[PDB]
Every structure is written in C-alpha cells, then in structure tokens.
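One protein chain, two forms: both are listed below as structure tokens, the first as structure 1 and the second as structure 2.
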Structure 1
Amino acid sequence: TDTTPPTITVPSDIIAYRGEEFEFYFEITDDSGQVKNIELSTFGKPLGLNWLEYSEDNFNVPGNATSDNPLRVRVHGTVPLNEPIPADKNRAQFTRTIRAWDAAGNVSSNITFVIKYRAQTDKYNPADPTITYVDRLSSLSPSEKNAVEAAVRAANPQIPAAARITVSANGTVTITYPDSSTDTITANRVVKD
C-alpha cells in the first residue's frame, strides 16, 4: 500500500529574459512508478502567471515516473516585454510552488521554484565589429555611420534582428533591444582615424 507522495526536483537557475521564450523541466518521481498530476501555485494560491504553460503529456500512466525515468514536465513561457524590473535584482523574480500526487492520492508538500527575470541586455553581449576607418573621429559622415552599423550587425547575428543599432557623431554605438534595454559599444572598439 502506497502512503508516500512523489518527490520533485526543480531547476536551480531558471533565468528568463523579457520578451524571449524560456523553457525548463520539472522532474517528478514516485515510489509507485506513477505520478497522476501536478499543480503549480503561489504557495497553494493561484499561480498568477498567465504567460507560463506546462505540458501534461504522459500524466497518470503506469511507469511514467520511475527513479530511472522520471516524469519530465516541460514548462515554457515568455516574461512580458514590459515586465518592470525592481531596482534590487533579488526581487526581480517570481517565487512559486509545485506539488504532485500519485495514483493513491498521496500529495507532496509545496516545493519552491523561482523564475528570475531580467532585461534583454543582461543576456546580450555584443561582439566586436570589424573596425571602420573614418575621416574625423569627432564627426562621422553618414556613410561612415552606415558602415559602423553594418559592421556591428554582421558581427552580431545573435542579437535580435528587431534590436536597433544607432551610431553617434563620434562612433559610439547604442544597441536598443526590443524591451528598450541597451548596450553601448565604446567608440574605440568601433572606429579608427
């Protein structure tokens, strides 16, 4: 007779960037080999994360949750592009809980997991462009600005196509990501006389 609830392993470093789909897995095991269902909540209260979704593939099937082959629950979602980021990054997160139960109805305690979220510039780190030679380092021409932007773009296919690259009069590059966070490339990585 099964009187023992499932056990749940959560990922330690769920880090999501605004506006960009994330995914992670829960792993659930039960001594019976079978997990019936799970529930995501805020310590038992409503989850309150309508942009998060998880798959219920293979729920409630014998053998779906053994020590060797745990039930691997795919969770995905997109933190809103305009999600405010608190000044203290330790509060830029969502703390939530998961519980799970077996076919006998033994329910686990609430297990904590944390979704940290960050501005897109915390993900992206622009690579060096090929240097653009300019006539005046203090007053780039329109052609030179075009060349700088093209070189930054060619070096950074990994940056969203939707980010906008601007170039100031002295060759300083600003990259503005879709979520309005930014990176800067100092002119000395960009232009030479």
Structure 2
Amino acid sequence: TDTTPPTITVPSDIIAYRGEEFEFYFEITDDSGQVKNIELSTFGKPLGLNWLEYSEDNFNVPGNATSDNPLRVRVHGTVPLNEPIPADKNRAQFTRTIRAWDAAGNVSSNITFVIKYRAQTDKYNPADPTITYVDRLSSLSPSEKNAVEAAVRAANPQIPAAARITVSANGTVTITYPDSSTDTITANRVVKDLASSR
C-alpha cells in the first residue's frame, strides 16, 4: 500500500517586480506516479494573495507525476503596482507554504517558498540618450524638452511604455515607472550648449 506522500521541489530565488507579470514552477513527484492536488497556504492559514494564480491542468491523472516526468505546476500573477515596500527593502516578501496529496490520501508536510518583490526601478537601468543641443542650458524650450523625452525613450526601448519621462528647465530627466519608483539622468549627460559645441 502507498503510505508515502508526494515530494515537492520549490524554486529558490523567486523575484517579482511590482506591476509586471511573473511566473514560476513547482515540480512534484509521487511513488504512485499520480498527484491529486495541491494547497497554497500561509502555514495552514489562508493564502491571502488574490493576485497569485495557478493552473490545475493535468491534476489527478494517472502518470502525471513520475520521476522522469514530474507534475509541473505553473504559478503566475502580478504583484500590485502599489504593494508596500517598507524602509528596509528586504522586508518586501511573502513567505508561503505548499503541500500536495497523492491518489491514496497521503499529504506532504508544508514546505516554504518565498516570493520577493521589488520596485520597478530595481529592474530598469536607463541608458543615456544621444545629446540634445540647446540654446540655453538653464532654460530649455518646449521643443528641446520634447527632443529630450524622445531621445531618452529612443535609447531605452526595454523600459515600459507606461513609464512617464519628464524633463526639467535645465534638462534633468526623471523616469517614473508605473509603480511610481524613479530613475534620474543628470543634465550634464542629457543636454549641451549649441553655440559652444559649434
């Protein structure tokens, strides 16, 4: 008789960026070769993360969970754009637990996984734009600000389209990601005097 519960393999470095879809996989096997279902929890309490999702595809099918072909459970979601990140950046995580049943009613003991989440600017590193030559460095014209925003946008296609690029009177660039975290580019790397570069 089967008295042995399923065995679960967890990903070791799950990192998510606010507002951006992420995914990761659990791998599960059982000596019977069949896994019935799983439970995501907070150590036996409600999961408490309605944005976390996973497919029950191929659950409880003979052969779905062998050593050669493990049950691969795809977990995905989006950490909310405005999920709180406290002063200590490393507190930004959720520790949760997973267990699985086999077809014989053996349930594994909860093991932990940790979902770390960070601000979008941690993901993004803006390349400097091609220099925009201006008439007065301490007072850019509207067309000069537009050229800057265009140049920055052009130099960083990997940056999200929903990120907003602003430009100050002296050409300082602020890039504000959808989660309101920011990057900055100093004026002396964005604009130069036209008449001097003659």
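All residue numbers here follow the sequence of structure 1, with the first residue given the number 1. Whichever C-alpha set is largest while still superposing within 1.5 Å between the two forms counts as the rigid core. Residues that one form lacks are left out of the comparison.
For the list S141, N69, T42, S55, which one shows a CA move of 2 Å or more between structures 1 and 2 after the core is fit? With the rigid core fitted, the residue that moves is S141.
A169: after superposing the rigid core, is there a C-alpha shift of 2 Å or more between structures 1 and 2? Result for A169: yes, a 2 Å-plus shift.
After core superposition, I'd like to know whether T132 moves between structures 1 and 2 (criterion: C-alpha shift of 2 angstroms or more). Yes; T132 is a residue whose C-alpha shifts (by 2 Å or more) between structures 1 and 2 when the cores are overlaid.
Once both forms share the same rigid core frame, by what distance in Å has the CA of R18 shifted between structures 1 and 2? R18 C-alpha displacement between structures 1 and 2, core-aligned: 0.5 Å.
Keeping the rigid core fixed, work out how far the Cα of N188 travels between structures 1 and 2, to one decimal in Å. With the rigid core fitted, the alpha carbon of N188 is displaced 3.9 Å between structures 1 and 2.
What parts move between structures 1 and 2 when you lay the two on the core: runs of 3+ residues, each CA off by 2 Å or more? Listed in sequence order, the moving runs between structures 1 and 2 are 127-148, 167-172, 185-193.
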